[PDB]
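Reading the structure
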Amino acid sequence: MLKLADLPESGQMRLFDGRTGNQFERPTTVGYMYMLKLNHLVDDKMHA
Amino acid sequence: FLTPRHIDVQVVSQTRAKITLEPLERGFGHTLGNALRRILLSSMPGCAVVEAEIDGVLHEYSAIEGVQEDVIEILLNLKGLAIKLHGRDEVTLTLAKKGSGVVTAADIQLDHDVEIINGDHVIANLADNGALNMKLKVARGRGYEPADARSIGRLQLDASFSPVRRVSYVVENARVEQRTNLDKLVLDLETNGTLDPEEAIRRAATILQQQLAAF
Amino acid sequence: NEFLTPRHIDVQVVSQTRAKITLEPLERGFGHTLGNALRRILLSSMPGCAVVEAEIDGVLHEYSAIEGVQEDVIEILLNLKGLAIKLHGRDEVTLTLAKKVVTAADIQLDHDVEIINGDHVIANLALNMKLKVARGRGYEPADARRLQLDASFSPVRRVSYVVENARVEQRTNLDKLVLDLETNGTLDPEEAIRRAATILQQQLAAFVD
Amino acid sequence: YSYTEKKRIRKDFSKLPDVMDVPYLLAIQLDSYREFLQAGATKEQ
Amino acid sequence: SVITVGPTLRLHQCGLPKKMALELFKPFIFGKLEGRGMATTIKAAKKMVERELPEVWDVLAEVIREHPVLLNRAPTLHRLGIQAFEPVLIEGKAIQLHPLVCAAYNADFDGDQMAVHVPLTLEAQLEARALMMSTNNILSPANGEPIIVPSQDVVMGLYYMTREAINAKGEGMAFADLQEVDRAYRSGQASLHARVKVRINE
Amino acid sequence: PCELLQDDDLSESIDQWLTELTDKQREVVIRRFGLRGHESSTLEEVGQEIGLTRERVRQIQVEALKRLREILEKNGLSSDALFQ
Amino acid sequence: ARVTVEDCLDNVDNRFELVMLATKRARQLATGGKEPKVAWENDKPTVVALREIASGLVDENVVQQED
Amino acid sequence: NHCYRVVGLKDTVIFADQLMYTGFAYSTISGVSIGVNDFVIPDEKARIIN
Amino acid sequence: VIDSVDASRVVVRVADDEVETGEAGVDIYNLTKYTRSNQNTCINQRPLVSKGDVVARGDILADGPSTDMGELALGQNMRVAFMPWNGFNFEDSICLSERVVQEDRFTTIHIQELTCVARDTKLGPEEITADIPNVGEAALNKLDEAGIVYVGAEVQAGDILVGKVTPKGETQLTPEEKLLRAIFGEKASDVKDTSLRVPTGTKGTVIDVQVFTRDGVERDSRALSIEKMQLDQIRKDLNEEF
Amino acid sequence: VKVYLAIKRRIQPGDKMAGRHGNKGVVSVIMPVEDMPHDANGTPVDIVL
Ligand SMILES: [Mg+2]
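As a starting point, this report considers the structure included with it. Residues are labelled from 1 along each chain in written sequence order, independent of how the entry numbers them, and those without coordinates are excluded. Chain letters start at A and ligand numbers start at 1, both assigned in the order the entries are written. The assembly from which these chains come is larger than what is shown, and the figures reported cover only the shown chains. Each side-chain value is worked out from all heavy atoms of the structure, with water and hydrogens disregarded. Residues with missing side-chain atoms are left out of burial classes, side-chain pairs and their counts.

**Details of the sheet that holds strand β1 (residues 2-7) of chain J**
This is how the line gets drawn: What makes two strands pair is DSSP finding at least two bridges between them. A run of H or I in DSSP counts as a helix once it spans at least four residues, and a run of E counts as a strand once it spans at least two, with each numbered from the N terminus.
Taken together, four strands build an open sheet; the order of strands is β10(I)-β1(J)-β14(I)-β11(I) and the sheet is antiparallel. One side of each edge strand has no neighbouring strand; the edge strands of this open sheet are β10 (110-115) and β11 (154-155) of chain I. By the bridge criterion, five bridges tie strand β14 (residues 204-210) of chain I to β1(J) in an arrangement that is antiparallel. When the bridges of β1(J) are listed, I:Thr205 appears paired with J:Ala6.

Here you go:
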């Protein structure tokens, strides 16, 4: 499927830093992951 | 040490644009490219919808009798409006639509100091019995301003005055018949269309001059 | 718009070749940006003078041992990399050494050449060599153009900076920038970083006002 | 092929053929309480 | 509150939200407003700390400069569970903690809640600066091995630094000192792990 | 503990405010309400003590009531903030 | 610069009687009985009392004679 | 453990704090990531199982 | 065929095949609005069908919470990387950007319920009255004449919801209290103020107010405002189907 | 009488976030868009694990 979208089949690519501006030495893994949010808000946990 | 006196600006679309700087040194070709990226993303003048007032609903969690989408979804569609202001910074817009149809960005009464870039943005879908009348208030800001830092029937929106989306830059060797070390800086800019790309570099260069002069 | 820019700076001095400056009030998107721009300029683009080539008599290679000197031949080249000499009359000049303790002040110097470190030692006796000093821009290796040695034209030795938090009751979210500089004794770190802001402002001066 | 599937189609990598569809996920609660009510009125309850 | 890792914190200090430092140190703020001369009546000083004016944040950072606070997890099995720290005013609703002292607390940043305590008398302030300080209990009470040993993330960064490659950029070069060797790495003419020859001063 | 300390500072400020004002305006209210600790007296009971003219001793009560009100506003304490 | 209660505890090598001499010393500075010999570091009284132990300006017999 | 019994304690806290700064600074510049190609399978696995 | 769709209700027309002899096109789907759930979380339904689209048996007309076109959508997705970034992700911690909070992706809606009851004390029985003593002019502007805050106001900590008077007796005014009541000028009030307020650290917006009256009691000015609006919605919904 | 209050709680540092494979987590710092690692095209990442 990565070959059809003109993407590297290894799934890794070298990313450029935003603060220093230098390219990383080793390639990193990027993608899209489905994240969730749990009912553990800090408004009901912080007390003093 | 040669400095570019004229900046070349190329326009490929209404939003995307490329900026090239040929006469630059090799040591400063990579430093000026990374310095202009962080400034063009954090602090940039822009305009967006801040406060909206609808006479039909009392709060934002309510609904309107005769509309297809909820009020919260209407407040989310108004955030993607690209409004360009030439004169004053505070201007109030009015909206009125009755009957079946699709309320677009061109339905708002235009003025001399306002100019909406895109008119294909869908706000809400009305019905035969649906009729809405609201007033839009915008402001000129710099960065992210939530509703906490900013009667009945008023709605406060989380306005984001950042007109930039994606900024990138590359380094390419550009010969000037002097040495092979001189390289050019090709910087591409993608904005919302509310500002011109020829003035974005002049704004970032002015901010960097004030910080370095006080050093 | 108007940003938070301090009009006064404070310089803390520790030694004659080591200083420490800081900038307390700074915006969140400007604390680490100025530190990264000043570090790349002071280490890649800086006018200076340093030795480039050397021609020792009787030494066919850098690893071939010699007689009459207690230190090795590789130890002599490692000591010449720390010399500080300023050039003001000519771009490239040749300095000849003749002594048979080798002190840098014993080298026959002309009127156009200027040497600041007079107490520096080159080698210890138990010497016929030609020194070549010129101008440059940054750190130039010997591979990319004892005949070739690592020439370090940048007068600044080490630059380090860390972004720490600040205390302001107005915004309550800011940062400060502290800078650490080292020099070779030719110029003070106060004026060393002042020239870096002049060259940085020399690029975008004609682009926008 | 219903109407709700005409808007978004999901590609599946299942290679085994389906023989029995997934039953009602709440069948253990609806049929268990239906016997307690017994709304059917016949001659022999 | 909920813990949060902070890499920009010193070992002898920790983090503390502004909303918690204003409630825990409430009696200490009333002592500085009356001694300075801003509010003679304790009732007038109570209305000033609730409105959170700009003057209250000035005296709040002044009363909290060297007054150590206590931090401990809910389950405590050894003496290293209670370690005194120096609070630093931060912005948020979470209590920041040093990444190196997490091995002793036996707590991970997965939703763990730690307690806080404030000493009052002068005898307790000198006790938290001599024995219960974070810089004093470095060695473990079981064996002489330190418990502040670099953790998983920082060791991984140090293991990649101390490596040796057969073929790398900038091999065989000779450097004068450690300051001159670091200058060549930031310029891009020398790799991170390459066989070189440097002179040290130990 | 904070409420008990507030009643201490408030009570100590009342005895301090009654002493910093005039001596004549302080003894006419200390015998009427008993703020200093003496026995409380009515308008007729306090008449045979200082002044038999019940109308004259009432005019000075309003004058001392306004002076205690003005000395409280400039002291940094608000009357609306006391009741909350 | 800052107070060093780690090295100061190694001079007396007690870590239990050091806080006893520091308690009676820090109490005299808060009440105003004696002026500290070392200059004020814009810190609390509990910090200056610990630096005087390592410097050697105060002791058990010195703090007893000041009262 | 060797630094604690040679120099002392005043220099150990500074040495233990500086290791966290140099450890994190040189780790963010590294692209250490766990990919599917990292879990290599030896060719001798099919010979032993068969 | 969907005859008319709205954000509040969805009306569909039944075909002549799968219908009885009389009352064929009689189907009213009333979508529920934001109600207080058991875990204090908002629950709403949004339409996803347009006018003129034919549906069949078992089709999805509107989705509930955490549902997108019939598919379960618990959270959201974004670009993720795998690298230690300055030790911020030490053991389990997650580092986030600014676009995740600027686009309002994880912004949730909480619904809290606050109830008040009028007891029957042995001293004196009194009902809910808006006029309360020892109150400032800031609460009068927000509170209505009946004793219920308007729907849509920004109620915060320290704001009163309803007005409830409590009779008291044997005040035993101390001499320290007699001096305070004289410097104010107002008369003495024995009725205390025990009205319901918002707890410290809670801020929200009123979206709905429900009242309950026992049998035999007289209806106040609040019980007639909501009851009239409910029957008018049922009448307009019945006349539309008619 | 029963009154309802609507609270719009926004995500803040200290919140608990997790995935679908049993990977709990607590957000530490909401960093700006310039510090996040980006690709050559200029698309920065949002979550770093
Ligand atoms: Mg845990």
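Now that the structure has been shown, the text picks up again.
**Side note on the packing of helix α7 (residues 152-161) of chain E against helix α1 (residues 10-28) of chain H**
Keep this limit in mind: Throughout, an axis means a line fitted to C-alpha atoms (over the contacting stretch in the case of helices), and angles, computed between N-to-C directions, take values from 0 to 180 degrees. Roughly parallel means an angle under 35 degrees; roughly antiparallel means over 145; roughly perpendicular covers 65 to 115; every other angle is labelled oblique. Each helix crossing is assigned a hand: it is left-handed if the near helix lies turned anticlockwise from the far helix by less than a right angle, otherwise right-handed if that turn is clockwise. We call two residues contacting when some pair of their heavy atoms lies within 4.5 Å.
Relative orientation of the contacting elements α7(E) and α1(H) amounts to 70°, with a least axis distance of 8 Å. Between α7(E) and α1(H), the angle falls in the class roughly perpendicular. The chirality of how α7(E) crosses α1(H) is left-handed. Side by side, α7(E) and α1(H) meet where E:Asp153, E:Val154, E:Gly157, E:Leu158 and E:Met161 of the first sit next to H:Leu19, H:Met20, H:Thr22, H:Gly23, H:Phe24, H:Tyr26 and H:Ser27 of the second.

**Notes on the environment of I:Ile128**
Topologically, I:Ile128 is positioned in the loop between β10 and α2 (137-142). Not counting chain neighbours up to four residues away, the residues in contact with I:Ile128 comprise I:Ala118, I:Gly163 and J:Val1.

**Notes on the interface of chain I and chain J**
To keep it simple, the criterion reads: Note on residue classes: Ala, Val, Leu, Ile, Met, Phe, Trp, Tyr, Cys and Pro are nonpolar, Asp, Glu, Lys and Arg are charged, and everything else, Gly too, is polar.
Between chain I and chain J, the residue contacts involve 45 residues of the former and 33 residues of the latter. At the level of elements, β8 (76-81), β9 (94-96), α1 (99-102), β10 and β14 of chain I are the ones that each hand at least two residues to the side of chain I that touches chain J. Taken together, the residues of the side of chain I that touches chain J break down into 25 nonpolar, eleven polar and nine charged.

**Overview of the interface of chain A and chain E**
Between chain A and chain E, the residue contacts involve eight residues of the former and ten residues of the latter. The residue inventory of the side of chain A that touches chain E, partitioned by class, reads three nonpolar, one polar and four charged.

**Remarks on the arrangement of the chains**
When the 23 pairs of chains in contact are compared, the highest contact count belongs to chains I and J. A minimum C-alpha distance of 56 Å separates chain D and chain F, which share no contact. Considering only C-alpha positions, the minimal separation of the non-contacting chain D and chain H is 19 Å.

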